[PDB]
Number of protein chains: 2
Amino acid sequence: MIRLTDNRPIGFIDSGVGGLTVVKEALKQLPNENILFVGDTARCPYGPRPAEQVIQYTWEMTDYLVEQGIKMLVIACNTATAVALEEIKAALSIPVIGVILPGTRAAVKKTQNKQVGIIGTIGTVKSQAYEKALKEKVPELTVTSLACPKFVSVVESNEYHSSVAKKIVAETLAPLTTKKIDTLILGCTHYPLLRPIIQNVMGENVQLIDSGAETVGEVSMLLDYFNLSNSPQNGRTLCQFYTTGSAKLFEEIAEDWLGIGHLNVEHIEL
Amino acid sequence: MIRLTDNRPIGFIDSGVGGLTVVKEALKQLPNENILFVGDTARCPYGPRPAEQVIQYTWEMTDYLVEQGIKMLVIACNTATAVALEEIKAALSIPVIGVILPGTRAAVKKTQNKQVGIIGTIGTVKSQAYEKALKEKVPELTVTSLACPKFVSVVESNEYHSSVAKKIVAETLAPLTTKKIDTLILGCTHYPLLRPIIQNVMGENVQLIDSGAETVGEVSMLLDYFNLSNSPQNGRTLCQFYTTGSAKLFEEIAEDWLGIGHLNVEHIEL
């Protein structure tokens, strides 16, 4: 019946730059939606931090984007999703999405032999978040969780296509290549930049699940569910990035990863 | 974080028996969810009826299932979705899904040449609901909407595999086979029973979109979004059907279509 046209932007918050791959996926899947992104690089990383800190910082980014006018919020980083999602979703009047369940859901659907693997930071791996989510859905799954300590470093240093990269990924993932895993979740939003190498090392038979891409898939449905879609007549007119840290290092990374035109990046304070 | 186990059933309401294909899809995609279904055959069809009537009758089925304990509602018929969805979704505290947007979303994603077709009852076709939804998303689409007057009759008479069926479908769809359509929406929940014939007549290049199946896809996501999933430990323990009409004709049809064991069907009054 009554379809509303809402041109307000969709908000994305992240501890650092990993969330840029979620934005890249949103630009592609939701060509008509406006985007606002905040990366708290001045306080990154969030992993080693206490829950209280992470929640406070996540609320500061949330409050900031809500005041900027967002109609929906995407928490684009595993750490924040894990610790702040439920509290923020319950408190806000707008839809709030995380980056753990969508990927889990996708893996459960893609797996044929029930041999599922997930890679991410040691923090993500040790939290057992993916293993728990996977098994809460299909307990017969054999889940292999592997931390990849230097992957984030490679990507953030913009060397995700270098020889150092291929060596780091090959060695790190070696033990995973011998468990008959047919589905591997990229449990860190920095990882899509290493996808080609990861795919080559895992082999063509292994299906790679991009958590961010799957999260953007859910967003698409929620836009229809909540009647919050923008119209194609309007199209995307706004894409603004905010960082609490060096706006220069950010715009540098962002333009490389998104591989598109000039990006609007602004330094802010929270 | 905190995942709740909710074994309450998912409710499905429909004017007649077409909604059984949505239930069939739910049984397959959501093996751990309990199901409650109501078919108002005693007042079917809803199409030729005024909006006031359709809304009143849809509210009676809704009220009935809510009192039976549902945690989520699926309006499995185009007519009811078209006229009552928004009012009921806004009034209830539980999630409510319809069978028009999910299929539209799926078609927009599947189409390659932007030549989209949709078949359904003359009521559905004349409402222009699918055309509007499709073009509100991608205005460059060339949408061909075709009413298939006797399809419902064939399916409800349990002759969806007969010679009469193949003749009716072949003749009815003929004009559609010459428009370079690569995606066809089955805009009537009775139609999945005719899928094999429809596919053969359209050709292997045409992608068929099952609206109900896509709707069940959205349900899967909403269960995670709203933290309403049942656990695999519980599994599906309940599947009850209610009809305001002949429980005999119903159980007869239901068992044939679902092609499974004995079904629990009960005659009720609204």
# chains A, B, ... in the order shown; residues from 1 in each chain; ligands from 1
$ residues_around --residues "residue 13 in chain A" --least-positions-apart "3" --cutoff "8 Å" --atoms "only C-alpha atoms" --output "PyMOL selection string"
chain A and resi 19+37-39+58+61-62+73-77
$ write_last_selection --atoms "N, CA and C atoms" --output "PDB file, in the first residue's frame"
ATOM      1  N   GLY A  19      35.177  -1.498   8.742  1.00  0.00           N
ATOM      2  CA  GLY A  19      33.805  -1.255   8.334  1.00  0.00           C
ATOM      3  C   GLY A  19      33.659  -0.676   6.937  1.00  0.00           C
ATOM      4  N   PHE A  37      29.197   7.360   7.587  1.00  0.00           N
ATOM      5  CA  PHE A  37      30.088   6.419   8.252  1.00  0.00           C
ATOM      6  C   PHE A  37      30.988   7.109   9.275  1.00  0.00           C
ATOM      7  N   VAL A  38      31.167   6.466  10.423  1.00  0.00           N
ATOM      8  CA  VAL A  38      32.038   6.986  11.467  1.00  0.00           C
ATOM      9  C   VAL A  38      33.023   5.888  11.874  1.00  0.00           C
ATOM     10  N   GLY A  39      34.307   6.226  11.872  1.00  0.00           N
ATOM     11  CA  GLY A  39      35.337   5.284  12.278  1.00  0.00           C
ATOM     12  C   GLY A  39      36.054   5.916  13.456  1.00  0.00           C
ATOM     13  N   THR A  58      30.755   3.187  21.550  1.00  0.00           N
ATOM     14  CA  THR A  58      29.811   2.830  20.508  1.00  0.00           C
ATOM     15  C   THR A  58      28.586   3.732  20.602  1.00  0.00           C
ATOM     16  N   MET A  61      29.346   7.144  18.994  1.00  0.00           N
ATOM     17  CA  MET A  61      29.266   7.147  17.534  1.00  0.00           C
ATOM     18  C   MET A  61      27.800   7.090  17.109  1.00  0.00           C
ATOM     19  N   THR A  62      27.013   6.311  17.844  1.00  0.00           N
ATOM     20  CA  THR A  62      25.589   6.156  17.570  1.00  0.00           C
ATOM     21  C   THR A  62      24.887   7.500  17.722  1.00  0.00           C
ATOM     22  N   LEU A  73      20.728   2.054  11.635  1.00  0.00           N
ATOM     23  CA  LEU A  73      22.125   1.929  12.050  1.00  0.00           C
ATOM     24  C   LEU A  73      22.732   0.544  11.843  1.00  0.00           C
ATOM     25  N   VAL A  74      23.933   0.525  11.270  1.00  0.00           N
ATOM     26  CA  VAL A  74      24.662  -0.715  11.044  1.00  0.00           C
ATOM     27  C   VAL A  74      25.950  -0.665  11.870  1.00  0.00           C
ATOM     28  N   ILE A  75      26.114  -1.608  12.793  1.00  0.00           N
ATOM     29  CA  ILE A  75      27.334  -1.671  13.595  1.00  0.00           C
ATOM     30  C   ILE A  75      28.215  -2.616  12.785  1.00  0.00           C
ATOM     31  N   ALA A  76      29.131  -2.017  12.032  1.00  0.00           N
ATOM     32  CA  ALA A  76      30.001  -2.732  11.114  1.00  0.00           C
ATOM     33  C   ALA A  76      31.246  -3.413  11.636  1.00  0.00           C
ATOM     34  N   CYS A  77      31.367  -3.581  12.947  1.00  0.00           N
ATOM     35  CA  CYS A  77      32.546  -4.248  13.486  1.00  0.00           C
ATOM     36  C   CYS A  77      32.131  -5.316  14.495  1.00  0.00           C
TER      37      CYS A  77
END
$ interface_residues --of "chain A" --to "chain B" --cutoff "9 Å" --atoms "only C-alpha atoms" --output "number ranges by chain"
A: 1-3, 81-83, 85-86, 96-97, 101-102, 105, 129, 133, 136-139, 218, 220-222, 224-225, 231-233
$ select_by_dssp --residues "range 54-227 of chain A" --states "strand (DSSP E or B)" --output "ChimeraX atom specification"
/A:72-75,96-97,115-120,142-147,183-186,207-210
$ write_last_selection --atoms "N, CA and C atoms" --output "compact mmCIF listing (two decimals), in the first residue's frame"
# COMPACT_ATOMS: atom_id res chain seq x y z
N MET A 72 18.52 4.36 10.04
CA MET A 72 18.88 2.97 10.35
C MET A 72 20.36 2.92 10.70
N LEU A 73 20.73 2.05 11.63
CA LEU A 73 22.12 1.93 12.05
C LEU A 73 22.73 0.54 11.84
N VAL A 74 23.93 0.53 11.27
CA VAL A 74 24.66 -0.72 11.04
C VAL A 74 25.95 -0.67 11.87
N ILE A 75 26.11 -1.61 12.79
CA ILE A 75 27.33 -1.67 13.59
C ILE A 75 28.22 -2.62 12.79
N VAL A 96 18.54 -1.43 14.01
CA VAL A 96 19.98 -1.54 14.25
C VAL A 96 20.41 -2.96 13.86
N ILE A 97 21.43 -3.07 13.01
CA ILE A 97 21.94 -4.37 12.54
C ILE A 97 23.41 -4.58 12.91
N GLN A 115 30.92 -28.80 7.54
CA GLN A 115 32.28 -28.52 8.02
C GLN A 115 32.48 -27.02 7.77
N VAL A 116 32.26 -26.23 8.82
CA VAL A 116 32.35 -24.78 8.72
C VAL A 116 33.55 -24.18 9.44
N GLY A 117 34.20 -23.24 8.76
CA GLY A 117 35.35 -22.58 9.34
C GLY A 117 35.10 -21.09 9.46
N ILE A 118 35.78 -20.45 10.40
CA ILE A 118 35.65 -19.02 10.58
C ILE A 118 37.01 -18.47 11.00
N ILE A 119 37.40 -17.38 10.35
CA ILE A 119 38.66 -16.72 10.64
C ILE A 119 38.37 -15.28 11.03
N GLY A 120 39.21 -14.76 11.92
CA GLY A 120 39.05 -13.41 12.40
C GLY A 120 40.15 -13.15 13.40
N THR A 142 30.48 -28.95 12.36
CA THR A 142 31.83 -29.09 12.89
C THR A 142 32.48 -27.75 12.55
N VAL A 143 32.63 -26.92 13.57
CA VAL A 143 33.18 -25.58 13.40
C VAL A 143 34.64 -25.45 13.79
N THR A 144 35.45 -24.98 12.85
CA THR A 144 36.87 -24.76 13.09
C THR A 144 37.09 -23.25 13.10
N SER A 145 37.47 -22.71 14.25
CA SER A 145 37.71 -21.28 14.38
C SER A 145 39.21 -21.00 14.43
N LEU A 146 39.69 -20.14 13.53
CA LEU A 146 41.11 -19.82 13.47
C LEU A 146 41.43 -18.33 13.51
N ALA A 147 42.26 -17.92 14.47
CA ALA A 147 42.65 -16.52 14.57
C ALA A 147 43.76 -16.28 13.55
N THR A 183 32.89 -24.27 3.74
CA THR A 183 32.39 -22.91 3.96
C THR A 183 33.26 -22.21 5.00
N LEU A 184 33.79 -21.04 4.63
CA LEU A 184 34.63 -20.28 5.55
C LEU A 184 34.10 -18.86 5.71
N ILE A 185 33.79 -18.50 6.95
CA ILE A 185 33.29 -17.16 7.24
C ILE A 185 34.45 -16.20 7.43
N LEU A 186 34.38 -15.05 6.76
CA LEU A 186 35.40 -14.02 6.92
C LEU A 186 34.90 -13.20 8.12
N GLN A 207 33.42 -22.25 -0.06
CA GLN A 207 32.58 -21.06 -0.22
C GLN A 207 32.92 -20.03 0.86
N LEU A 208 33.32 -18.84 0.43
CA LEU A 208 33.67 -17.78 1.37
C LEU A 208 32.46 -16.91 1.69
N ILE A 209 32.20 -16.73 2.98
CA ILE A 209 31.08 -15.91 3.42
C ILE A 209 31.57 -14.56 3.88
N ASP A 210 31.13 -13.51 3.20
CA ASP A 210 31.51 -12.15 3.57
C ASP A 210 30.43 -11.68 4.55
$ select_by_dssp --residues "range 115-250 of chain A" --states "alpha helix (DSSP H)" --output "PyMOL selection string"
chain A and resi 122-127+129-137+151-156+163-173+195-202+211-225+247-250
$ atom_distance --atom1 "CA of residue 149 in chain A" --atom2 "CA of residue 40 in chain A"
20.9 Å
$ closest_residue --among "B:65, B:263, B:35, B:223" --to "residue 239 in chain B" --atoms "only C-alpha atoms"
B:35
$ residues_around --residues "residue 7 in chain B" --least-positions-apart "4" --cutoff "10 Å" --atoms "only C-alpha atoms" --output "number ranges by chain"
B: 32-34, 70-71, 228-231, 234-238
$ write_last_selection --atoms "C-alpha atoms" --output "CSV table (one decimal), in the first residue's frame"
chain,number,residue,atom,x,y,z
B,32,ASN,CA,12.6,-26.0,13.8
B,33,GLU,CA,9.7,-23.7,13.8
B,34,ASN,CA,6.1,-24.6,15.0
B,70,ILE,CA,1.7,-16.9,17.7
B,71,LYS,CA,4.9,-14.9,17.9
B,228,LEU,CA,12.2,-15.0,18.1
B,229,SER,CA,13.9,-18.2,16.9
B,230,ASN,CA,13.0,-21.6,18.3
B,231,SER,CA,15.9,-23.9,19.1
B,234,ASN,CA,13.0,-28.3,20.5
B,235,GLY,CA,12.6,-28.7,16.8
B,236,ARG,CA,9.2,-28.5,15.3
B,237,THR,CA,6.7,-30.2,17.6
B,238,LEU,CA,3.5,-28.4,16.4
$ closest_residue --among "A:78, A:160, A:92, A:43" --to "residue 56 in chain A" --atoms "only C-alpha atoms"
A:43
$ closest_residue --among "B:187, B:9, B:16, B:69" --to "residue 36 in chain B" --atoms "only C-alpha atoms"
B:9
$ residues_around --residues "residue 216 in chain A" --least-positions-apart "3" --cutoff "8 Å" --atoms "only C-alpha atoms" --output "PyMOL selection string"
chain A and resi 22+25-26+29+212-213+219-220
$ write_last_selection --atoms "N, CA and C atoms" --output "PDB file, in the first residue's frame"
ATOM      1  N   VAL A  22      31.991  -2.916   4.526  1.00  0.00           N
ATOM      2  CA  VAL A  22      30.546  -3.055   4.674  1.00  0.00           C
ATOM      3  C   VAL A  22      29.924  -1.924   3.853  1.00  0.00           C
ATOM      4  N   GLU A  25      30.013  -2.659   0.278  1.00  0.00           N
ATOM      5  CA  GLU A  25      28.944  -3.574  -0.088  1.00  0.00           C
ATOM      6  C   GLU A  25      27.599  -2.846  -0.171  1.00  0.00           C
ATOM      7  N   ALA A  26      27.392  -1.868   0.710  1.00  0.00           N
ATOM      8  CA  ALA A  26      26.150  -1.101   0.703  1.00  0.00           C
ATOM      9  C   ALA A  26      26.060  -0.247  -0.559  1.00  0.00           C
ATOM     10  N   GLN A  29      25.022  -2.914  -3.303  1.00  0.00           N
ATOM     11  CA  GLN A  29      23.684  -3.490  -3.164  1.00  0.00           C
ATOM     12  C   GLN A  29      22.548  -2.481  -3.005  1.00  0.00           C
ATOM     13  N   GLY A 212      29.999  -8.841   6.130  1.00  0.00           N
ATOM     14  CA  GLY A 212      29.468  -7.522   5.844  1.00  0.00           C
ATOM     15  C   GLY A 212      28.476  -7.554   4.700  1.00  0.00           C
ATOM     16  N   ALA A 213      28.831  -8.263   3.634  1.00  0.00           N
ATOM     17  CA  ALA A 213      27.964  -8.374   2.470  1.00  0.00           C
ATOM     18  C   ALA A 213      26.628  -8.981   2.864  1.00  0.00           C
ATOM     19  N   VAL A 219      19.910  -5.620   5.528  1.00  0.00           N
ATOM     20  CA  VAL A 219      19.513  -4.219   5.486  1.00  0.00           C
ATOM     21  C   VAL A 219      18.499  -4.007   4.373  1.00  0.00           C
ATOM     22  N   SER A 220      18.768  -4.610   3.225  1.00  0.00           N
ATOM     23  CA  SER A 220      17.881  -4.478   2.082  1.00  0.00           C
ATOM     24  C   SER A 220      16.455  -4.905   2.445  1.00  0.00           C
TER      25      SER A 220
END
$ atom_distance --atom1 "CA of residue 67 in chain A" --atom2 "CA of residue 265 in chain A"
17.8 Å
$ residues_around --residues "residue 151 in chain A" --least-positions-apart "4" --cutoff "8 Å" --atoms "only C-alpha atoms" --output "PyMOL selection string"
chain A and resi 155+165+168-169+190-191
$ decode --residues "range 214-226 of chain B" --atoms "N, CA and C atoms" --output "PDB file, in the first residue's frame"
ATOM      1  N   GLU B 214      10.071 -16.726  -1.125  1.00  0.00           N
ATOM      2  CA  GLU B 214      10.863 -15.549  -0.820  1.00  0.00           C
ATOM      3  C   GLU B 214      10.387 -14.949   0.495  1.00  0.00           C
ATOM      4  N   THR B 215       9.082 -15.016   0.743  1.00  0.00           N
ATOM      5  CA  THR B 215       8.525 -14.476   1.973  1.00  0.00           C
ATOM      6  C   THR B 215       9.080 -15.264   3.157  1.00  0.00           C
ATOM      7  N   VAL B 216       9.196 -16.576   2.994  1.00  0.00           N
ATOM      8  CA  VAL B 216       9.730 -17.408   4.056  1.00  0.00           C
ATOM      9  C   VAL B 216      11.199 -17.054   4.269  1.00  0.00           C
ATOM     10  N   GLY B 217      11.856 -16.582   3.212  1.00  0.00           N
ATOM     11  CA  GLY B 217      13.249 -16.183   3.332  1.00  0.00           C
ATOM     12  C   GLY B 217      13.369 -14.982   4.262  1.00  0.00           C
ATOM     13  N   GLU B 218      12.443 -14.038   4.136  1.00  0.00           N
ATOM     14  CA  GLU B 218      12.439 -12.847   4.978  1.00  0.00           C
ATOM     15  C   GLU B 218      12.143 -13.242   6.431  1.00  0.00           C
ATOM     16  N   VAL B 219      11.223 -14.186   6.610  1.00  0.00           N
ATOM     17  CA  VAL B 219      10.861 -14.654   7.942  1.00  0.00           C
ATOM     18  C   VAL B 219      12.103 -15.147   8.667  1.00  0.00           C
ATOM     19  N   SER B 220      12.932 -15.892   7.953  1.00  0.00           N
ATOM     20  CA  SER B 220      14.150 -16.430   8.534  1.00  0.00           C
ATOM     21  C   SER B 220      15.012 -15.312   9.127  1.00  0.00           C
ATOM     22  N   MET B 221      15.156 -14.217   8.390  1.00  0.00           N
ATOM     23  CA  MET B 221      15.945 -13.077   8.857  1.00  0.00           C
ATOM     24  C   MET B 221      15.274 -12.366  10.022  1.00  0.00           C
ATOM     25  N   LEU B 222      13.962 -12.179   9.925  1.00  0.00           N
ATOM     26  CA  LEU B 222      13.233 -11.506  10.988  1.00  0.00           C
ATOM     27  C   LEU B 222      13.286 -12.277  12.299  1.00  0.00           C
ATOM     28  N   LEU B 223      13.358 -13.603  12.226  1.00  0.00           N
ATOM     29  CA  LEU B 223      13.445 -14.405  13.443  1.00  0.00           C
ATOM     30  C   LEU B 223      14.751 -14.050  14.173  1.00  0.00           C
ATOM     31  N   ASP B 224      15.818 -13.798  13.416  1.00  0.00           N
ATOM     32  CA  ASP B 224      17.086 -13.430  14.045  1.00  0.00           C
ATOM     33  C   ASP B 224      17.027 -11.973  14.500  1.00  0.00           C
ATOM     34  N   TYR B 225      16.464 -11.115  13.655  1.00  0.00           N
ATOM     35  CA  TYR B 225      16.364  -9.701  13.976  1.00  0.00           C
ATOM     36  C   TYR B 225      15.601  -9.460  15.265  1.00  0.00           C
ATOM     37  N   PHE B 226      14.447 -10.106  15.404  1.00  0.00           N
ATOM     38  CA  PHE B 226      13.634  -9.922  16.597  1.00  0.00           C
ATOM     39  C   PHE B 226      13.917 -10.887  17.747  1.00  0.00           C
TER      40      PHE B 226
END
